[PDB]
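Visitor: What follows is protein-v3.cif; its format and atoms are mmCIF, N, CA, C and O atoms and all ligand atoms.
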```cif
data_entry
#
loop_
_atom_site.label_atom_id
_atom_site.label_comp_id
_atom_site.auth_asym_id
_atom_site.auth_seq_id
_atom_site.Cartn_x
_atom_site.Cartn_y
_atom_site.Cartn_z
N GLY A 1 -10.71 4.91 -0.09
CA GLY A 1 -11.43 4.40 -1.25
C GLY A 1 -10.81 3.14 -1.81
O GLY A 1 -9.61 2.91 -1.67
N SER A 2 -11.63 2.32 -2.46
CA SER A 2 -11.15 1.07 -3.05
C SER A 2 -10.71 1.28 -4.49
O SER A 2 -11.43 1.88 -5.29
N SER A 3 -9.52 0.79 -4.82
CA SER A 3 -8.98 0.93 -6.16
C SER A 3 -9.22 -0.34 -6.98
O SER A 3 -9.74 -0.28 -8.09
N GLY A 4 -8.84 -1.48 -6.41
CA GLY A 4 -9.03 -2.74 -7.10
C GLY A 4 -7.79 -3.18 -7.86
O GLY A 4 -7.77 -3.20 -9.09
N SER A 5 -6.74 -3.53 -7.12
CA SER A 5 -5.48 -3.96 -7.72
C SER A 5 -4.92 -5.18 -6.99
O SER A 5 -5.07 -5.31 -5.78
N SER A 6 -4.26 -6.06 -7.74
CA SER A 6 -3.68 -7.26 -7.17
C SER A 6 -2.73 -6.92 -6.03
O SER A 6 -2.48 -5.75 -5.75
N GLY A 7 -2.21 -7.95 -5.37
CA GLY A 7 -1.29 -7.73 -4.26
C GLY A 7 -0.04 -6.98 -4.68
O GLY A 7 0.83 -7.54 -5.35
N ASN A 8 0.05 -5.72 -4.29
CA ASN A 8 1.20 -4.89 -4.63
C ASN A 8 2.43 -5.32 -3.83
O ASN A 8 2.34 -5.63 -2.64
N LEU A 9 3.59 -5.33 -4.49
CA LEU A 9 4.83 -5.71 -3.84
C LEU A 9 5.13 -4.81 -2.65
O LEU A 9 5.31 -5.29 -1.52
N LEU A 10 5.17 -3.51 -2.89
CA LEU A 10 5.44 -2.54 -1.83
C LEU A 10 4.47 -2.72 -0.67
O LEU A 10 4.88 -2.87 0.48
N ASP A 11 3.18 -2.69 -0.98
CA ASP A 11 2.14 -2.85 0.03
C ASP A 11 2.33 -4.15 0.80
O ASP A 11 2.21 -4.19 2.02
N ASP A 12 2.62 -5.23 0.07
CA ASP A 12 2.83 -6.53 0.68
C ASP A 12 3.94 -6.48 1.73
O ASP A 12 3.77 -6.95 2.85
N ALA A 13 5.07 -5.89 1.35
CA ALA A 13 6.21 -5.77 2.25
C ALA A 13 5.87 -4.87 3.44
O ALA A 13 6.07 -5.25 4.59
N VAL A 14 5.37 -3.68 3.14
CA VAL A 14 5.00 -2.72 4.19
C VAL A 14 4.07 -3.36 5.21
O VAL A 14 4.30 -3.25 6.42
N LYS A 15 3.03 -4.02 4.73
CA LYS A 15 2.06 -4.67 5.60
C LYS A 15 2.75 -5.66 6.53
O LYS A 15 2.53 -5.65 7.74
N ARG A 16 3.58 -6.52 5.96
CA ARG A 16 4.31 -7.52 6.73
C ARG A 16 5.18 -6.86 7.79
O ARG A 16 4.97 -7.04 8.99
N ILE A 17 6.16 -6.08 7.34
CA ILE A 17 7.07 -5.39 8.25
C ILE A 17 6.31 -4.76 9.41
O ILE A 17 6.66 -4.97 10.57
N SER A 18 5.27 -4.00 9.09
CA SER A 18 4.47 -3.34 10.11
C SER A 18 3.88 -4.36 11.08
O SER A 18 3.76 -4.10 12.28
N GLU A 19 3.51 -5.52 10.56
CA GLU A 19 2.94 -6.58 11.38
C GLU A 19 3.97 -7.67 11.66
O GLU A 19 3.62 -8.84 11.80
N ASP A 20 5.23 -7.27 11.75
CA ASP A 20 6.31 -8.21 12.02
C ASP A 20 7.63 -7.47 12.25
O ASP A 20 8.26 -6.97 11.32
N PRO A 21 8.05 -7.39 13.52
CA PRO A 21 7.31 -7.98 14.64
C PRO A 21 6.01 -7.24 14.92
O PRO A 21 5.92 -6.02 14.78
N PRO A 22 4.98 -7.99 15.34
CA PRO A 22 3.66 -7.42 15.66
C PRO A 22 3.69 -6.57 16.92
O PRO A 22 4.18 -7.01 17.97
N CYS A 23 3.16 -5.36 16.83
CA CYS A 23 3.12 -4.45 17.97
C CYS A 23 2.52 -5.13 19.19
O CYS A 23 1.39 -5.62 19.15
N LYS A 24 3.28 -5.16 20.28
CA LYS A 24 2.82 -5.78 21.52
C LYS A 24 1.74 -4.93 22.19
O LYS A 24 0.70 -5.44 22.60
N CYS A 25 2.00 -3.63 22.29
CA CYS A 25 1.05 -2.71 22.91
C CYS A 25 -0.38 -3.10 22.57
O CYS A 25 -0.66 -3.71 21.54
N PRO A 26 -1.32 -2.75 23.47
CA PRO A 26 -2.74 -3.06 23.29
C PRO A 26 -3.37 -2.24 22.16
O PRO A 26 -4.56 -2.36 21.89
N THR A 27 -2.56 -1.41 21.51
CA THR A 27 -3.04 -0.58 20.42
C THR A 27 -2.11 -0.67 19.21
O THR A 27 -0.95 -0.25 19.27
N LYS A 28 -2.62 -1.23 18.12
CA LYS A 28 -1.84 -1.38 16.90
C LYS A 28 -1.52 -0.01 16.29
O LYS A 28 -2.35 0.89 16.29
N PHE A 29 -0.30 0.12 15.76
CA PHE A 29 0.13 1.37 15.15
C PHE A 29 -0.83 1.79 14.03
O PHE A 29 -1.59 0.97 13.51
N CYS A 30 -0.79 3.07 13.68
CA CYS A 30 -1.66 3.60 12.63
C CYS A 30 -1.01 3.43 11.26
O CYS A 30 -0.06 4.14 10.92
N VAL A 31 -1.54 2.50 10.48
CA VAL A 31 -1.02 2.24 9.14
C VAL A 31 -2.15 2.00 8.14
O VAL A 31 -2.78 0.95 8.16
N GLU A 32 -2.39 2.98 7.28
CA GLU A 32 -3.44 2.88 6.28
C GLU A 32 -2.90 3.20 4.89
O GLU A 32 -2.09 4.12 4.72
N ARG A 33 -3.36 2.45 3.89
CA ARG A 33 -2.92 2.66 2.52
C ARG A 33 -3.75 3.76 1.85
O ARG A 33 -4.97 3.69 1.80
N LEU A 34 -3.06 4.77 1.33
CA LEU A 34 -3.73 5.89 0.66
C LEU A 34 -3.55 5.80 -0.85
O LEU A 34 -4.52 5.90 -1.61
N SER A 35 -2.31 5.60 -1.29
CA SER A 35 -2.00 5.50 -2.71
C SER A 35 -0.61 4.93 -2.93
O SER A 35 0.27 5.07 -2.07
N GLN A 36 -0.40 4.29 -4.08
CA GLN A 36 0.89 3.70 -4.40
C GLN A 36 2.03 4.55 -3.85
O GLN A 36 2.29 5.65 -4.33
N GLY A 37 2.70 4.02 -2.83
CA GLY A 37 3.81 4.74 -2.22
C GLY A 37 3.35 5.77 -1.22
O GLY A 37 4.04 6.76 -0.98
N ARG A 38 2.18 5.54 -0.63
CA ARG A 38 1.63 6.46 0.36
C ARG A 38 0.87 5.70 1.45
O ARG A 38 -0.04 4.93 1.16
N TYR A 39 1.26 5.93 2.70
CA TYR A 39 0.63 5.27 3.83
C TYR A 39 0.59 6.19 5.05
O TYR A 39 1.52 6.96 5.28
N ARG A 40 -0.48 6.09 5.82
CA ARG A 40 -0.64 6.91 7.01
C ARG A 40 0.09 6.29 8.20
O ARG A 40 -0.43 5.40 8.87
N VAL A 41 1.31 6.77 8.45
CA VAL A 41 2.12 6.27 9.55
C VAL A 41 1.90 7.09 10.81
O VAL A 41 2.27 8.27 10.87
N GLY A 42 1.30 6.48 11.83
CA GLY A 42 1.04 7.17 13.07
C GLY A 42 0.09 8.34 12.91
O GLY A 42 -1.11 8.14 12.70
N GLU A 43 0.62 9.55 12.99
CA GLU A 43 -0.19 10.76 12.85
C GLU A 43 0.35 11.66 11.75
O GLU A 43 0.14 12.87 11.76
N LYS A 44 1.05 11.05 10.79
CA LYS A 44 1.63 11.80 9.68
C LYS A 44 1.57 10.98 8.39
O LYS A 44 1.46 9.76 8.42
N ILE A 45 1.64 11.67 7.26
CA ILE A 45 1.59 11.01 5.96
C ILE A 45 2.96 11.03 5.29
O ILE A 45 3.51 12.09 4.98
N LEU A 46 3.51 9.84 5.06
CA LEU A 46 4.82 9.71 4.42
C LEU A 46 4.72 8.90 3.13
O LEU A 46 3.73 8.21 2.90
N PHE A 47 5.76 8.98 2.31
CA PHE A 47 5.79 8.25 1.04
C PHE A 47 6.77 7.08 1.12
O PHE A 47 7.98 7.26 0.98
N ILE A 48 6.24 5.88 1.34
CA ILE A 48 7.07 4.69 1.43
C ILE A 48 7.38 4.12 0.05
O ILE A 48 6.47 3.78 -0.71
N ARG A 49 8.66 4.03 -0.28
CA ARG A 49 9.09 3.51 -1.57
C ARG A 49 9.85 2.20 -1.40
O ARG A 49 10.23 1.83 -0.29
N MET A 50 10.07 1.51 -2.51
CA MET A 50 10.79 0.24 -2.49
C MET A 50 11.92 0.23 -3.51
O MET A 50 11.68 0.39 -4.71
N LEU A 51 13.15 0.05 -3.04
CA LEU A 51 14.31 0.02 -3.91
C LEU A 51 14.51 -1.37 -4.51
O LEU A 51 14.82 -2.32 -3.80
N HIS A 52 14.33 -1.47 -5.83
CA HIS A 52 14.50 -2.74 -6.52
C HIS A 52 13.70 -3.84 -5.83
O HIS A 52 14.14 -4.99 -5.76
N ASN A 53 12.52 -3.49 -5.33
CA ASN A 53 11.66 -4.45 -4.64
C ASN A 53 12.47 -5.31 -3.68
O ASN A 53 12.18 -6.49 -3.50
N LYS A 54 13.49 -4.71 -3.07
CA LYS A 54 14.34 -5.43 -2.13
C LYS A 54 14.49 -4.64 -0.83
O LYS A 54 14.56 -5.22 0.26
N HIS A 55 14.54 -3.32 -0.94
CA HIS A 55 14.68 -2.45 0.22
C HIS A 55 13.46 -1.55 0.38
O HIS A 55 12.91 -1.05 -0.61
N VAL A 56 13.03 -1.35 1.62
CA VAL A 56 11.87 -0.51 1.90
C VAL A 56 12.28 0.76 2.63
O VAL A 56 12.73 0.72 3.78
N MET A 57 12.13 1.90 1.95
CA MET A 57 12.49 3.19 2.54
C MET A 57 11.28 4.12 2.58
O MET A 57 10.26 3.86 1.94
N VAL A 58 11.39 5.19 3.35
CA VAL A 58 10.31 6.16 3.48
C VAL A 58 10.80 7.58 3.18
O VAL A 58 11.99 7.87 3.30
N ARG A 59 9.87 8.45 2.80
CA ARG A 59 10.21 9.83 2.49
C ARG A 59 10.03 10.72 3.72
O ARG A 59 8.91 10.94 4.18
N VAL A 60 11.14 11.24 4.23
CA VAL A 60 11.10 12.11 5.41
C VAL A 60 11.44 13.55 5.03
O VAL A 60 11.64 13.86 3.86
N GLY A 61 11.51 14.41 6.04
CA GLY A 61 11.83 15.81 5.80
C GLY A 61 13.32 16.08 5.85
O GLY A 61 13.77 16.98 6.56
N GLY A 62 14.09 15.30 5.09
CA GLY A 62 15.53 15.48 5.07
C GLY A 62 16.26 14.20 4.69
O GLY A 62 17.33 13.92 5.22
N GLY A 63 15.68 13.43 3.78
CA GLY A 63 16.30 12.19 3.35
C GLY A 63 15.34 11.02 3.42
O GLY A 63 14.13 11.20 3.49
N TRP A 64 15.89 9.81 3.39
CA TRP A 64 15.08 8.60 3.45
C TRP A 64 15.68 7.58 4.42
O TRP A 64 16.90 7.42 4.49
N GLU A 65 14.81 6.91 5.17
CA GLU A 65 15.26 5.91 6.13
C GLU A 65 14.55 4.58 5.91
O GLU A 65 13.68 4.46 5.04
N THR A 66 14.94 3.57 6.69
CA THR A 66 14.34 2.24 6.57
C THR A 66 12.98 2.19 7.26
O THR A 66 12.87 2.45 8.46
N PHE A 67 11.95 1.84 6.50
CA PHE A 67 10.60 1.75 7.03
C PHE A 67 10.61 1.09 8.41
O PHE A 67 10.08 1.63 9.38
N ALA A 68 11.21 -0.09 8.49
CA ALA A 68 11.29 -0.83 9.75
C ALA A 68 11.98 0.00 10.82
O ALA A 68 11.70 -0.15 12.01
N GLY A 69 12.89 0.88 10.40
CA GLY A 69 13.61 1.71 11.34
C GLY A 69 12.78 2.89 11.83
O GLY A 69 12.84 3.26 13.00
N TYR A 70 11.99 3.46 10.92
CA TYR A 70 11.15 4.60 11.26
C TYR A 70 10.03 4.19 12.21
O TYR A 70 9.59 4.97 13.06
N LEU A 71 9.56 2.96 12.06
CA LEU A 71 8.49 2.43 12.90
C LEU A 71 8.98 2.18 14.32
O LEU A 71 8.36 2.61 15.29
N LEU A 72 10.11 1.48 14.43
CA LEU A 72 10.69 1.17 15.73
C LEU A 72 10.89 2.44 16.55
O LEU A 72 10.70 2.43 17.77
N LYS A 73 11.26 3.52 15.88
CA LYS A 73 11.48 4.80 16.55
C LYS A 73 10.26 5.20 17.37
O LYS A 73 10.35 5.41 18.58
N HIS A 74 9.11 5.30 16.71
CA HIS A 74 7.87 5.67 17.38
C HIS A 74 7.38 4.55 18.28
O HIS A 74 7.16 4.75 19.48
N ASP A 75 7.22 3.36 17.71
CA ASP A 75 6.75 2.20 18.46
C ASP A 75 7.68 1.91 19.64
O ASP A 75 8.86 1.59 19.47
N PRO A 76 7.14 2.03 20.86
CA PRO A 76 7.91 1.79 22.09
C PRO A 76 8.25 0.32 22.28
O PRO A 76 9.39 -0.03 22.59
N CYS A 77 7.25 -0.54 22.09
CA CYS A 77 7.45 -1.98 22.24
C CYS A 77 8.54 -2.48 21.30
O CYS A 77 9.15 -3.52 21.55
N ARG A 78 8.79 -1.73 20.23
CA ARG A 78 9.81 -2.10 19.26
C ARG A 78 11.19 -1.65 19.73
O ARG A 78 12.17 -2.38 19.61
N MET A 79 11.26 -0.43 20.25
CA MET A 79 12.52 0.13 20.73
C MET A 79 13.32 -0.92 21.50
O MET A 79 14.55 -0.90 21.52
N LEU A 80 12.60 -1.84 22.15
CA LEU A 80 13.24 -2.90 22.92
C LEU A 80 14.37 -3.55 22.13
O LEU A 80 15.52 -3.57 22.57
N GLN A 81 14.04 -4.08 20.96
CA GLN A 81 15.02 -4.73 20.10
C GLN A 81 16.24 -3.83 19.90
O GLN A 81 16.13 -2.61 19.92
N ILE A 82 17.40 -4.45 19.69
CA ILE A 82 18.63 -3.71 19.48
C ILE A 82 18.48 -2.70 18.35
O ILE A 82 18.41 -3.08 17.17
N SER A 83 18.43 -1.42 18.70
CA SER A 83 18.28 -0.36 17.71
C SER A 83 19.26 0.78 17.98
O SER A 83 19.76 0.93 19.10
N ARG A 84 19.52 1.59 16.96
CA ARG A 84 20.44 2.71 17.09
C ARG A 84 20.02 3.86 16.18
O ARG A 84 20.18 3.80 14.97
N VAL A 85 19.47 4.91 16.79
CA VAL A 85 19.02 6.08 16.03
C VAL A 85 19.31 7.37 16.80
O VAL A 85 19.63 7.34 17.99
N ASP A 86 19.19 8.50 16.11
CA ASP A 86 19.44 9.80 16.72
C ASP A 86 18.13 10.54 16.95
O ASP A 86 17.78 10.87 18.09
N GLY A 87 17.40 10.81 15.87
CA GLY A 87 16.14 11.52 15.98
C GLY A 87 15.74 12.19 14.68
O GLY A 87 15.96 11.64 13.60
N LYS A 88 15.13 13.36 14.78
CA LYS A 88 14.69 14.10 13.60
C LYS A 88 14.97 15.60 13.76
O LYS A 88 14.44 16.25 14.66
N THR A 89 15.81 16.13 12.88
CA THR A 89 16.16 17.55 12.92
C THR A 89 15.44 18.33 11.83
O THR A 89 15.86 18.32 10.67
N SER A 90 14.35 19.00 12.20
CA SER A 90 13.57 19.78 11.25
C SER A 90 12.86 20.94 11.94
O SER A 90 12.36 20.81 13.06
N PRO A 91 12.81 22.09 11.27
CA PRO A 91 12.17 23.29 11.80
C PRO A 91 10.65 23.16 11.87
O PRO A 91 9.99 22.98 10.84
N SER A 92 10.10 23.23 13.07
CA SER A 92 8.66 23.11 13.27
C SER A 92 7.90 23.81 12.15
O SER A 92 8.40 24.76 11.54
N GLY A 93 6.69 23.33 11.88
CA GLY A 93 5.88 23.92 10.83
C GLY A 93 5.37 22.89 9.84
O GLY A 93 6.09 22.47 8.93
N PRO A 94 4.11 22.47 10.01
CA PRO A 94 3.48 21.48 9.13
C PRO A 94 3.22 22.02 7.73
O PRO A 94 3.51 23.19 7.44
N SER A 95 2.67 21.18 6.86
CA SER A 95 2.38 21.58 5.49
C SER A 95 0.98 21.11 5.08
O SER A 95 0.43 20.18 5.66
N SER A 96 0.41 21.77 4.08
CA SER A 96 -0.92 21.43 3.59
C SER A 96 -1.05 21.73 2.10
O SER A 96 -0.41 22.65 1.59
N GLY A 97 -1.87 20.95 1.42
CA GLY A 97 -2.07 21.14 -0.01
C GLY A 97 -2.67 19.93 -0.68
O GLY A 97 -2.00 18.90 -0.76
ZN ZN B 1 3.71 -1.39 20.25
#
```
Give the structure from this file in structure tokens form.
Ligand SMILES: [Zn+2]

Guide:
Amino acid sequence: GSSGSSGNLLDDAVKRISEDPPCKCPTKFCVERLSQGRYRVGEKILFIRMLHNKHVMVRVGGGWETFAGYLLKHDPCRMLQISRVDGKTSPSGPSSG
């Protein structure tokens, strides 16, 4: 749905980062704006926040990571760039509400 708000700082950054570097694959990643601090990343819904409008982090199931870092993880074409991560340790079982 359309809300009608000027260029949001968080959204502005998220949009850029997601489109920079631009996904090489023939299929652009899944990124849709739902609500202030909410975006559809891939096949899951996370809460992307901005620290002092300087740092971009996301809400995961056990802490917060760098948006650009969470994307590179899934995005294969991104993994190319020098990256260093472990993974995700969480007990299977989705949520609804
Ligand atoms: Zn890609």

Visitor: Counting all atoms listed in the file, name the residues that have an atom within 6 Å of an atom of ligand ZN 1 (chain B); the answer should be given as an MDAnalysis selection string.

Guide: chainID A and resid 23:25 27 75:78

Visitor: For the residues in that selection, give me N, CA, C and O atoms as a CSV table (one decimal), in the frame of the given file.

Guide:
```csv
chain,number,residue,atom,x,y,z
A,23,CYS,N,3.2,-5.4,16.8
A,23,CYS,CA,3.1,-4.4,18.0
A,23,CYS,C,2.5,-5.1,19.2
A,23,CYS,O,1.4,-5.6,19.2
A,24,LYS,N,3.3,-5.2,20.3
A,24,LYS,CA,2.8,-5.8,21.5
A,24,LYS,C,1.7,-4.9,22.2
A,24,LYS,O,0.7,-5.4,22.6
A,25,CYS,N,2.0,-3.6,22.3
A,25,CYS,CA,1.0,-2.7,22.9
A,25,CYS,C,-0.4,-3.1,22.6
A,25,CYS,O,-0.7,-3.7,21.5
A,27,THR,N,-2.6,-1.4,21.5
A,27,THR,CA,-3.0,-0.6,20.4
A,27,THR,C,-2.1,-0.7,19.2
A,27,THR,O,-1.0,-0.2,19.3
A,75,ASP,N,7.2,3.4,17.7
A,75,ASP,CA,6.8,2.2,18.5
A,75,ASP,C,7.7,1.9,19.6
A,75,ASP,O,8.9,1.6,19.5
A,76,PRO,N,7.1,2.0,20.9
A,76,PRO,CA,7.9,1.8,22.1
A,76,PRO,C,8.2,0.3,22.3
A,76,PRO,O,9.4,0.0,22.6
A,77,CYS,N,7.2,-0.5,22.1
A,77,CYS,CA,7.4,-2.0,22.2
A,77,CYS,C,8.5,-2.5,21.3
A,77,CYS,O,9.2,-3.5,21.6
A,78,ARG,N,8.8,-1.7,20.2
A,78,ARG,CA,9.8,-2.1,19.3
A,78,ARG,C,11.2,-1.6,19.7
A,78,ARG,O,12.2,-2.4,19.6
```

Visitor: Stretch 41-54 of chain A: which residues within 6 Å, counting only N, CA, C and O atoms, same-chain residues fewer than 4 positions away excluded, as an MDAnalysis selection string?

Guide: chainID A and resid 29:32 36:37 58:59

Visitor: Would you please work out which residue, of A:97, A:26, A:69, A:63, is nearest to residue A:84 when using all atoms listed in the file?

Guide: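 Closest to residue A:84 of all the choices is A:69.
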
Visitor: For the atom pair atom CA of residue A:85 and atom CA of residue A:70, what is the interatomic distance in Å to one decimal place?

Guide: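 Those two atoms sit 9.3 Å apart.
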
Visitor: For a test of reading the model, state the distance in Å between atom CA of residue A:16 and atom CA of residue A:83, rounded to one decimal.

Guide: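 Atom-to-atom, atom CA of residue A:16 and atom CA of residue A:83 are spaced 19.2 Å apart.
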
Visitor: Box time for stretch 83-97 of chain A: axis-aligned, enclosing all its listed atoms, 3 Å extra on each side; report centre and edge lengths in Å to one decimal, as AutoDock Vina command-line options.

Guide:
```
--center_x 8.9 --center_y 11.7 --center_z 9.2 --size_x 29.1 --size_y 32.2 --size_z 25.9
```

Visitor: Using only C-alpha atoms for the distances, tell me which of A:74, A:14, A:7, A:34 is nearest to residue A:56.

Guide: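 Closest to residue A:56 of all the choices is A:14.
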
Visitor: By how many Å are atom CA of residue A:18 and atom C of residue A:67 apart?

Guide: 7.8 Å

Visitor: Would you please work out which residue, of A:68, A:33, A:88, A:81, is nearest to residue A:11 when using all atoms listed in the file?

Guide: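 When distances to residue A:11 are compared using all atoms listed in the file, the smallest one comes from A:33.
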
Visitor: Between A:4, A:21, A:73, A:61, which is the closest to residue A:91 once you count only N, CA, C and O atoms?

Guide: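 The shortest atom-to-atom distance to residue A:91 comes from A:61.
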
Visitor: If you run DSSP on the backbone, which residues of chain A are strand (DSSP E), as a list in words?

Guide: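 Residues meeting the strand (DSSP E) criterion: residues 31, 32, 33, 34, 35, 38, 39, 40, 41, 44, 45, 46, 47, 48, 49, 50, 51, 55, 56, 57, 58, 59, 60, 63, 64, 65 and 66 of chain A.
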